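> Below you'll find run_5.pdb; it's PDB, C-alpha atoms and all ligand atoms.
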```
ATOM      1  CA  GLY A   1     -73.243 -10.535  70.267
ATOM      2  CA  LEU A   2     -76.313 -10.673  68.049
ATOM      3  CA  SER A   3     -79.753  -9.690  69.279
ATOM      4  CA  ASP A   4     -82.654 -12.159  69.440
ATOM      5  CA  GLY A   5     -84.055 -10.374  66.376
ATOM      6  CA  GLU A   6     -80.782 -10.726  64.497
ATOM      7  CA  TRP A   7     -80.550 -14.478  65.313
ATOM      8  CA  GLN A   8     -84.119 -14.879  64.012
ATOM      9  CA  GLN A   9     -83.072 -13.212  60.738
ATOM     10  CA  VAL A  10     -79.963 -15.409  60.473
ATOM     11  CA  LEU A  11     -81.997 -18.592  60.984
ATOM     12  CA  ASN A  12     -84.651 -17.360  58.598
ATOM     13  CA  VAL A  13     -82.040 -16.861  55.810
ATOM     14  CA  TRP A  14     -80.587 -20.291  56.704
ATOM     15  CA  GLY A  15     -84.004 -21.803  55.807
ATOM     16  CA  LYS A  16     -83.140 -20.751  52.258
ATOM     17  CA  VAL A  17     -79.838 -22.669  52.375
ATOM     18  CA  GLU A  18     -81.475 -25.804  53.752
ATOM     19  CA  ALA A  19     -83.908 -26.011  50.799
ATOM     20  CA  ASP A  20     -80.812 -26.857  48.662
ATOM     21  CA  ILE A  21     -77.860 -27.514  50.877
ATOM     22  CA  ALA A  22     -75.684 -29.201  48.228
ATOM     23  CA  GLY A  23     -76.368 -26.471  45.600
ATOM     24  CA  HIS A  24     -75.574 -23.651  48.004
ATOM     25  CA  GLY A  25     -72.488 -25.544  49.271
ATOM     26  CA  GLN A  26     -71.133 -26.190  45.795
ATOM     27  CA  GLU A  27     -71.579 -22.525  44.655
ATOM     28  CA  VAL A  28     -69.887 -21.262  47.872
ATOM     29  CA  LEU A  29     -66.805 -23.464  47.200
ATOM     30  CA  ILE A  30     -66.722 -22.604  43.457
ATOM     31  CA  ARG A  31     -66.930 -18.854  44.309
ATOM     32  CA  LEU A  32     -64.063 -19.362  46.831
ATOM     33  CA  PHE A  33     -61.836 -21.326  44.375
ATOM     34  CA  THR A  34     -62.382 -19.047  41.370
ATOM     35  CA  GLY A  35     -62.010 -15.824  43.302
ATOM     36  CA  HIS A  36     -59.037 -17.131  45.289
ATOM     37  CA  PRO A  37     -57.181 -19.938  43.468
ATOM     38  CA  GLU A  38     -54.627 -20.214  46.316
ATOM     39  CA  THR A  39     -57.500 -21.741  48.362
ATOM     40  CA  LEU A  40     -57.963 -24.582  45.869
ATOM     41  CA  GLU A  41     -54.337 -25.581  46.588
ATOM     42  CA  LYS A  42     -55.299 -26.417  50.175
ATOM     43  CA  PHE A  43     -57.511 -29.327  48.931
ATOM     44  CA  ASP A  44     -55.612 -32.391  47.621
ATOM     45  CA  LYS A  45     -58.903 -33.891  46.341
ATOM     46  CA  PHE A  46     -59.950 -30.702  44.421
ATOM     47  CA  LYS A  47     -56.674 -29.426  42.975
ATOM     48  CA  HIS A  48     -57.198 -31.678  39.930
ATOM     49  CA  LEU A  49     -60.091 -29.290  39.018
ATOM     50  CA  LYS A  50     -58.687 -27.029  36.273
ATOM     51  CA  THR A  51     -61.811 -25.149  35.077
ATOM     52  CA  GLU A  52     -65.094 -23.970  36.514
ATOM     53  CA  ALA A  53     -66.875 -26.559  34.273
ATOM     54  CA  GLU A  54     -64.897 -29.332  35.946
ATOM     55  CA  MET A  55     -65.741 -27.844  39.405
ATOM     56  CA  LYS A  56     -69.392 -27.550  38.477
ATOM     57  CA  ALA A  57     -69.519 -31.217  37.281
ATOM     58  CA  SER A  58     -67.730 -32.541  40.389
ATOM     59  CA  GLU A  59     -70.106 -34.643  42.480
ATOM     60  CA  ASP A  60     -67.478 -34.901  45.185
ATOM     61  CA  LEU A  61     -67.272 -31.039  45.374
ATOM     62  CA  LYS A  62     -71.096 -30.990  45.925
ATOM     63  CA  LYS A  63     -70.675 -33.659  48.609
ATOM     64  CA  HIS A  64     -68.028 -31.580  50.414
ATOM     65  CA  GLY A  65     -70.227 -28.443  50.031
ATOM     66  CA  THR A  66     -72.879 -30.405  51.927
ATOM     67  CA  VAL A  67     -70.412 -31.312  54.711
ATOM     68  CA  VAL A  68     -69.265 -27.695  55.023
ATOM     69  CA  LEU A  69     -72.682 -26.020  55.185
ATOM     70  CA  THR A  70     -74.105 -28.738  57.456
ATOM     71  CA  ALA A  71     -71.344 -27.978  59.978
ATOM     72  CA  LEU A  72     -71.880 -24.199  59.654
ATOM     73  CA  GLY A  73     -75.677 -24.637  59.967
ATOM     74  CA  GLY A  74     -75.178 -26.627  63.179
ATOM     75  CA  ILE A  75     -73.028 -23.813  64.585
ATOM     76  CA  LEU A  76     -75.484 -20.998  63.648
ATOM     77  CA  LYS A  77     -78.374 -22.826  65.263
ATOM     78  CA  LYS A  78     -76.399 -22.595  68.551
ATOM     79  CA  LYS A  79     -76.755 -18.775  68.323
ATOM     80  CA  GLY A  80     -73.267 -17.993  69.703
ATOM     81  CA  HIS A  81     -73.374 -20.819  72.272
ATOM     82  CA  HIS A  82     -71.099 -22.806  69.932
ATOM     83  CA  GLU A  83     -67.782 -23.412  71.823
ATOM     84  CA  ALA A  84     -67.984 -27.240  71.673
ATOM     85  CA  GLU A  85     -68.912 -27.248  67.947
ATOM     86  CA  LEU A  86     -66.490 -24.494  66.955
ATOM     87  CA  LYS A  87     -63.253 -25.472  68.801
ATOM     88  CA  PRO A  88     -62.589 -28.777  66.873
ATOM     89  CA  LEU A  89     -63.224 -27.069  63.505
ATOM     90  CA  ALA A  90     -60.843 -24.260  64.508
ATOM     91  CA  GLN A  91     -58.283 -26.825  65.543
ATOM     92  CA  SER A  92     -58.430 -29.003  62.405
ATOM     93  CA  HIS A  93     -58.366 -25.950  60.178
ATOM     94  CA  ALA A  94     -55.289 -24.505  61.828
ATOM     95  CA  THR A  95     -53.339 -27.706  62.670
ATOM     96  CA  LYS A  96     -54.266 -30.179  59.918
ATOM     97  CA  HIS A  97     -55.530 -28.168  56.934
ATOM     98  CA  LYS A  98     -53.336 -25.100  57.510
ATOM     99  CA  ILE A  99     -56.000 -22.546  56.635
ATOM    100  CA  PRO A 100     -55.083 -18.891  57.287
ATOM    101  CA  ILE A 101     -57.840 -16.826  58.900
ATOM    102  CA  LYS A 102     -57.965 -14.634  55.729
ATOM    103  CA  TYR A 103     -59.352 -17.660  53.818
ATOM    104  CA  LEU A 104     -62.201 -17.746  56.360
ATOM    105  CA  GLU A 105     -62.795 -14.082  55.520
ATOM    106  CA  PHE A 106     -62.916 -15.133  51.835
ATOM    107  CA  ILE A 107     -65.527 -17.833  52.456
ATOM    108  CA  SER A 108     -67.724 -15.530  54.611
ATOM    109  CA  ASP A 109     -67.732 -13.102  51.678
ATOM    110  CA  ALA A 110     -68.523 -15.972  49.278
ATOM    111  CA  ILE A 111     -71.616 -17.063  51.361
ATOM    112  CA  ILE A 112     -72.940 -13.463  51.258
ATOM    113  CA  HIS A 113     -72.314 -13.357  47.463
ATOM    114  CA  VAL A 114     -74.010 -16.765  46.826
ATOM    115  CA  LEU A 115     -77.043 -15.775  48.952
ATOM    116  CA  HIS A 116     -77.554 -12.652  46.798
ATOM    117  CA  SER A 117     -76.893 -14.614  43.611
ATOM    118  CA  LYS A 118     -79.359 -17.403  44.437
ATOM    119  CA  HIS A 119     -82.029 -15.151  46.102
ATOM    120  CA  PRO A 120     -81.899 -11.773  44.277
ATOM    121  CA  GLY A 121     -84.233  -9.307  45.993
ATOM    122  CA  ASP A 122     -85.055 -11.857  48.725
ATOM    123  CA  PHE A 123     -82.005 -11.122  50.926
ATOM    124  CA  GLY A 124     -82.780  -7.696  52.375
ATOM    125  CA  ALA A 125     -80.491  -5.183  54.044
ATOM    126  CA  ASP A 126     -81.564  -6.293  57.544
ATOM    127  CA  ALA A 127     -80.892 -10.001  56.620
ATOM    128  CA  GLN A 128     -77.448  -9.246  55.126
ATOM    129  CA  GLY A 129     -76.636  -7.265  58.305
ATOM    130  CA  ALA A 130     -77.691 -10.184  60.554
ATOM    131  CA  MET A 131     -75.945 -12.924  58.564
ATOM    132  CA  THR A 132     -72.711 -10.778  58.293
ATOM    133  CA  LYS A 133     -72.677 -10.415  62.111
ATOM    134  CA  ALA A 134     -73.188 -14.176  62.587
ATOM    135  CA  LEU A 135     -70.295 -14.841  60.177
ATOM    136  CA  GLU A 136     -67.954 -12.335  61.865
ATOM    137  CA  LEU A 137     -68.813 -13.987  65.267
ATOM    138  CA  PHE A 138     -67.890 -17.347  63.733
ATOM    139  CA  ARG A 139     -64.628 -15.986  62.210
ATOM    140  CA  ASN A 140     -63.742 -14.057  65.398
ATOM    141  CA  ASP A 141     -64.241 -17.104  67.672
ATOM    142  CA  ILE A 142     -62.056 -19.211  65.300
ATOM    143  CA  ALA A 143     -59.406 -16.438  65.241
ATOM    144  CA  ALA A 144     -59.239 -16.655  69.081
ATOM    145  CA  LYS A 145     -58.515 -20.416  68.807
ATOM    146  CA  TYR A 146     -55.894 -19.654  66.112
ATOM    147  CA  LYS A 147     -54.120 -17.171  68.400
ATOM    148  CA  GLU A 148     -54.108 -19.831  71.146
ATOM    149  CA  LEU A 149     -52.288 -22.176  68.737
ATOM    150  CA  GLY A 150     -50.047 -19.339  67.489
ATOM    151  CA  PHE A 151     -51.243 -20.236  64.008
ATOM    152  CA  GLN A 152     -50.810 -17.870  61.095
TER     153      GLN A 152
HETATM  154  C1  LIG B   1     -67.603 -21.818  56.766
HETATM  155  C2  LIG B   1     -66.350 -22.154  57.117
HETATM  156  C3  LIG B   1     -65.921 -23.610  57.090
HETATM  157  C4  LIG B   1     -66.573 -24.688  57.560
HETATM  158  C5  LIG B   1     -67.944 -24.736  58.288
HETATM  159  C6  LIG B   1     -65.746 -25.836  57.293
HETATM  160  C7  LIG B   1     -66.056 -27.140  57.612
HETATM  161  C8  LIG B   1     -65.277 -28.245  57.325
HETATM  162  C9  LIG B   1     -65.564 -29.580  57.798
HETATM  163  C10 LIG B   1     -66.801 -29.914  58.658
HETATM  164  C11 LIG B   1     -64.602 -30.408  57.334
HETATM  165  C12 LIG B   1     -64.426 -31.917  57.566
HETATM  166  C13 LIG B   1     -63.916 -32.191  58.999
HETATM  167  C14 LIG B   1     -62.609 -31.507  59.360
HETATM  168  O1  LIG B   1     -61.562 -31.808  58.700
HETATM  169  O2  LIG B   1     -62.621 -30.646  60.313
HETATM  170  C15 LIG B   1     -63.666 -29.616  56.579
HETATM  171  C16 LIG B   1     -62.545 -30.094  55.937
HETATM  172  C17 LIG B   1     -61.665 -29.323  55.216
HETATM  173  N1  LIG B   1     -61.698 -27.921  55.137
HETATM  174 FE1  LIG B   1     -63.154 -26.609  55.787
HETATM  175  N2  LIG B   1     -64.593 -25.413  56.653
HETATM  176  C18 LIG B   1     -64.692 -24.054  56.491
HETATM  177  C19 LIG B   1     -63.753 -23.274  55.892
HETATM  178  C20 LIG B   1     -62.666 -23.693  55.163
HETATM  179  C21 LIG B   1     -61.820 -22.858  54.372
HETATM  180  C22 LIG B   1     -62.011 -21.326  54.246
HETATM  181  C23 LIG B   1     -60.882 -23.644  53.823
HETATM  182  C24 LIG B   1     -59.761 -23.102  52.909
HETATM  183  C25 LIG B   1     -59.247 -23.775  51.900
HETATM  184  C26 LIG B   1     -61.118 -25.019  54.259
HETATM  185  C27 LIG B   1     -60.391 -26.151  53.976
HETATM  186  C28 LIG B   1     -60.648 -27.465  54.333
HETATM  187  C29 LIG B   1     -59.870 -28.582  53.868
HETATM  188  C30 LIG B   1     -58.601 -28.545  52.967
HETATM  189  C31 LIG B   1     -60.510 -29.807  54.482
HETATM  190  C32 LIG B   1     -60.057 -31.261  54.239
HETATM  191  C33 LIG B   1     -60.930 -31.736  53.082
HETATM  192  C34 LIG B   1     -60.695 -33.208  52.774
HETATM  193  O3  LIG B   1     -59.668 -33.519  52.120
HETATM  194  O4  LIG B   1     -61.513 -34.080  53.154
HETATM  195  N3  LIG B   1     -62.210 -24.977  55.059
HETATM  196  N4  LIG B   1     -64.116 -28.302  56.577
END
```
Once more with this new file: its structure as structure tokens, please.

Amino acid sequence: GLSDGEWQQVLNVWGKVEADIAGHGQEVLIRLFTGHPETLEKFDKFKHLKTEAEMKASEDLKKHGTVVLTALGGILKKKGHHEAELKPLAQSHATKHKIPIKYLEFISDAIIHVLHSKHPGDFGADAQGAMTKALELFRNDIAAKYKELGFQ
């Protein structure tokens, strides 16, 4: 698990995200799509986006970035006590959206990248450590639900 101190760091970093939820959400998805174009193919409503300029100008992509980070923020504020919040997300990502766990690794990496990119010098080694742990807890608890479903 994470320590009390580590949770405090995680939720302190998250305060940065909440100052511009849509902006952070959009950059996370753009980083995911551009670094891993196979991921874009999982989204029927975003696969029309051919260039980063189109992605950047998509108001619906910003909207979905808001949905995504609002859900993740809810989970992180549970500090590991997130079974009821996490299970349904795990289940829709495996069963409906067909998202391999690797793509969750990709988006964890993208969040870390975006945090550094948006807050250069304001996302210290201790904070990266804490947030990385939170994100591996998230990914690991989803992977358990994936195994249950036998989903690959
Ligand atoms: C931080 C991790 C993630 C969070 C918090 C998250 C959250 C959400 C939420 C809250 C929804 C809407 C409700 C639902 O369908 O369950 C959603 C939909 C969706 N998610 Fe994610 N997700 C994450 C990772 C991913 C990844 C890595 C992919 C890979 C492509 C993905 C693909 C999708 C797709 C295709 C939908 C349907 C979008 C639509 O057409 O409306 N998600 N996600």
> Care to translate the PyMOL selection byres (((chain A and resi 126-139) around 10) and not hetatm) into actual residues of this file, as JSON, numbers by chain?
{"A": [1, 2, 3, 5, 6, 7, 8, 9, 10, 11, 12, 13, 14, 72, 75, 76, 79, 80, 82, 86, 90, 101, 102, 104, 105, 107, 108, 109, 111, 112, 115, 116, 122, 123, 124, 125, 140, 141, 142, 143, 144]}
> Residues contacting ligand LIG 1 (chain B) - anything with an atom at most 6 Å away, using all atoms listed in the file - can you give me those as a VMD selection string?
chain A and resid 39 42 to 43 45 67 to 69 71 to 72 89 92 97 99 103 to 104 107
> Please, what distance in Å, to one decimal, runs between CA of residue 120 (chain A) and CA of residue 33 (chain A)?
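Atom-to-atom, CA of residue 120 (chain A) to CA of residue 33 (chain A), that is 22.2 Å.
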> Evaluate the PyMOL selection byres (((chain A and resi 53-63) around 7) and not hetatm) on the structure here and hand back the selected residues as a list in words.
residues 22, 23, 25, 26, 30, 49, 50, 51, 52, 64, 65, 66 and 67 of chain A
> Point out the residue among A:150, A:119, A:44, A:110 with the least atom-to-atom distance to residue 19 (chain A), counting all atoms listed in the file.
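Among A:150, A:119, A:44, A:110, it is A:119 that comes nearest to residue 19 (chain A).
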